[PDB]
2 protein chains.
Amino acid sequence: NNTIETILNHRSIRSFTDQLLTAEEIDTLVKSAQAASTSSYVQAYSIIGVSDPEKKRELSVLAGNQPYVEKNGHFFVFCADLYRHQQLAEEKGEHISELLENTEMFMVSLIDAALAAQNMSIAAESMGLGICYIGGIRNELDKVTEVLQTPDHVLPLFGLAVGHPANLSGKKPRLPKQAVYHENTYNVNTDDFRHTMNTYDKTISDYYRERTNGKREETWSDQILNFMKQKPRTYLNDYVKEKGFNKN
Amino acid sequence: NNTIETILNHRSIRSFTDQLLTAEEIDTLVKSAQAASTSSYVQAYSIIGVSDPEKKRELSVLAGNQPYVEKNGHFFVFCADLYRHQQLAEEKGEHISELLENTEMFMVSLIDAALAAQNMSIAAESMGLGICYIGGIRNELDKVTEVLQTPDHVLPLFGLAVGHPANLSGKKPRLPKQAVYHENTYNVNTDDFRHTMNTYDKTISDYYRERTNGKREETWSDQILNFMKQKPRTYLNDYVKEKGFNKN
Ligand SMILES: Cc1cc2nc3c(=O)[nH]c(=O)nc-3n(C[C@H](O)[C@H](O)[C@H](O)COP(=O)(O)O)c2cc1C
Ligand SMILES: Cc1cc2nc3c(=O)[nH]c(=O)nc-3n(C[C@H](O)[C@H](O)[C@H](O)COP(=O)(O)O)c2cc1C
Ligand SMILES: [Cl-]
Ligand SMILES: [Cl-]
């Protein structure tokens, strides 16, 4: 069907026209996001739509100079949100902050926000729009919270750049099915692991050779390890706790 | 748009027929899940397809006796996976074990797994199948990791029950748009908060009154307050660290 074709056709779009999203398109994207399943009906997230040129610019800089954060149809910031729940309880004369600060609630809010974001992404892609997630905002969350004026119990997780593509780019191959999908138990067989990872590394190296006309030939395992041990964002261990999450 | 109609039509399905998913349907669902965006191309997740009757039964018990975990077309378990990355590093003489233990990588893997799960959910719903996320497996993760034989740096997050619906249930109203969506900065205005929460509380109380015919009239505030005061899964603060996540 058309939905599965749209899902499988996905690629990140990093080049957009200057055509802004309409209020109707933004409305549809937000409603689509909200329609996602939510743990215990908590809906533990918020979406900040950034259209202010100065704020889009600041976020682009904080994200590591990503121009598709400024130049797009709209920039959405997905947040883990337990502030709604804190304030909801204060209205009833209750002061429940300690209950919102454990690892369980941090997992709940991150998963809720991510399911909503992926619904927005599929909805945007079905309309012929392009998307790109922006985790780069996590380089400087203290400054991002100042740009967005987010209160305590609110954690920006990533942005989502949405717009009319100026360049369609191309699809990136995913891990072989047998690396990701396991039947009944997790497959720890070393021979199986080496065979799948060798095959994938060759697929990726060939992909870069083809895409760059021989200019790049890196494997997936070399690429992922190179970037993992770079800007590790260790400050988040304490910073998330400062915002009221994942404590103890 | 058909995709958007499917997204907006979502409701959790908790009653399935005994018709199992075909190998082709499972293949399509897995490929759909893999097609989601992934932070730095890391694909930090694994999907365990549980078809073994004894394992589906154990997981339904561990999830708090949820029969739709056992009786469905297939039961998928979504895991945060940094074991793939640890093993790739080991086979190259690199050491990233400490970085895979930080908050940043825990967020990366939780988000990657959730985006994949929501792609699978939309793909399943577009085929006329029903889905239900199962976070209940987090009640006893030590026993869940034994059922699934997951190694270190692998964390089961939630299950996803997929199948042919035996009962279509009904939609649950979501928060008003103004409660979740903010323009440029987070809206902390108390009057705005009270007005939106009062409106939602009435929508929800009216919803339950119609759904149960006057026998249930709780507001969304009542329901969140009672959820918050529940038996907390506090053990996860230490348990996730035991699996090599969020050690910090
Ligand atoms: C991560 C996650 C975990 C969930 N875990 C469970 C569960 O264990 N049992 C269950 O019956 N529903 C579960 N749900 C379903 C939610 O209860 C449901 O999405 C919420 O009540 C909104 O209802 P709706 O999906 O029908 O719109 C979960 C949803 C999410 C997103
Ligand atoms: C949570 C998240 C954060 C991301 N952050 C960024 C980012 O800051 N900049 C960027 O250019 N791409 C970003 N991406 C896009 C990934 O790089 C991209 O999804 C991966 O390379 C696979 O490529 P594809 O999306 O084109 O299939 C992110 C993706 C996710 C899921
Ligand atoms: Cl990132
Ligand atoms: Cl749950």
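Throughout, read-outs are computed from the coordinates displayed, never taken from laboratory work. Neighbour counts are summed over all protein chains in view; Cβ atoms, including those assigned to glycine, are modelled from backbone coordinates with ideal geometry.
For B:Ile134, the residues 5 or more places off, or on other chains, whose built amide H falls under 5 Å of its own are B:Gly159, B:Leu160, B:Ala161.
The long axis of helix B:53-62 is offset from the longest Cα principal axis of chain B by roughly 60 degrees. Label-point distances for A:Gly170 to the equivalent site in the other copies, using a point 7 angstrom along Cα→C-beta, read 5.2 nm when ranked shortest first.
If the elastic network links every pair of Cα atoms under 10 Å, which of B:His95, B:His182, B:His74 fluctuates the most in the Gaussian network model of chain B? Evaluated over chain B, the most mobile residue of the options is B:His182. Note on A:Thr219, B:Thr6: ascending count of other Cβ atoms within 10 Å places them as A:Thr219, B:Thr6, the fewest first. When the Gaussian network model of chain B links Cα atoms closer than 10 Å, the mean-square fluctuations of B:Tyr133, B:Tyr208, B:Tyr83 top out at B:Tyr208.
What is the Å³ per residue value for the convex hull set by the Cα atoms of chain B? The partial results should precede the final answer.
Values: hull volume 43.1 nm³, N = 248.
Looking at chain B, the number lands at 174 Å³ per residue.
Secondary-structure-derived ellipticity at 222 nm for chain A, considering helices only, amounts to -14500 deg cm²/dmol, per-run term -39500 (n - 2.57) for DSSP H runs with n ≥ 4.
Listed from fewest to most Cβ neighbours within 10 Å, the set A:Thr190, A:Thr185 follows the order A:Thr190, A:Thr185. With each label modelled as a point 7 angstrom along the Cα→C-beta vector, the B:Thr199-A:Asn167 pair spans 4.2 nm.
Could you put A:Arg14, A:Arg209, B:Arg84 in order, starting from the residue whose Cβ has the fewest other Cβ atoms within 10 Å?
Details: A:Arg14 18, A:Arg209 14, B:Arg84 23.
Ascending number of Cβ neighbours within 10 Å: A:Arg209, A:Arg14, B:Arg84.
Distances, shortest first, from the label point of B:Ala23 to those at the same position in the other copies read 5.4 nm; the point lies 7 Å along Cα to C-beta. Just checking the listed ones, B:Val30, B:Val108, B:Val147: in the Gaussian network model of chain B with Cα springs under 10 Å, the one fluctuating most is B:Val147. Think of chain B as a dipole: +1 on every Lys or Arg Cβ, -1 on every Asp or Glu Cβ, centred on the Cα centre; then among B:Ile7, B:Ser205, B:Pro156, B:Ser205 lies furthest on the positive end. Note on B:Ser97 and A:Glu54: their simple-model spin labels are 5.0 nm apart, each label 7 Å out from Cα toward Cβ. Shielding by partners for peptide A:80-89, expressed as the average number of C-beta atoms from other protein chains within 10 Å of each residue's C-beta, is 4.
Annotation for the stretch A:171-203 versus the stretch B:43-78: alpha-carbon center distance of 22 Å.
Look at the stretch A:157-168: the mean tally of other chain Cβ atoms within 10 Å of its residues' Cβ atoms is 1.
Placing a label point 7 Å from the Cα of B:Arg209 along the Cα-to-Cβ direction, the distances to the matching points in the other copies come to 7.0 nm, shortest first. So for chain A, taking the charge dipole from beta-carbon charges (+1 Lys/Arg, -1 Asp/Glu), which of A:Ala123, A:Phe106, A:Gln86 sits furthest toward the positive end? Result: A:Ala123, furthest along the dipole toward the positive end.
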